[PDB]
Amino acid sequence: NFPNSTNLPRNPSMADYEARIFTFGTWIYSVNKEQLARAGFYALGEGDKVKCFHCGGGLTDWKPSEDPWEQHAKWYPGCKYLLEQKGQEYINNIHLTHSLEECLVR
């Protein structure tokens, strides 16, 4: 399933922060649910699998050191919600950071 790069959200029923927050319930996973929701994510109920309301992008297997906004930019860089909330400069930094993180050890 291709990522949504239009200015229109794929799941408008999940456009409000509060709506997204209800999807998690009791959340045992290593990444904060408030932080996930702020980054546009809602829970699917399949372990720690989340989806962005706007781009439709799915993310799974969260480690405690990982950041929702960073991961969002890493895997769904065409997301218009992401661009709205963070700006292109932030997004550029993240890409550069990760691409460089490769030629550090990898």
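Whichever C-alpha set is largest while still superposing within 1.5 Å between the two forms counts as the rigid core. Counting begins at 1, following the sequence as shown.
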Core-aligned CA RMS in 6 other deposited structures of this protein: between 77-85 and 24-32 the higher one is 24-32
By Cα RMS to this form in 6 other deposited structures of this protein after fitting the core, the stretch ranking higher of 35-43 and 65-73 is 65-73
Higher avg CA temperature factor (59-67 vs 38-46, as deposited) belongs to 59-67
Of 25-33 vs 47-55, the stretch with the larger average CA B-factor in the entry is 25-33
Temperature factor at the Cα of residue 7, chain-ranked in thirds, falls in the middle
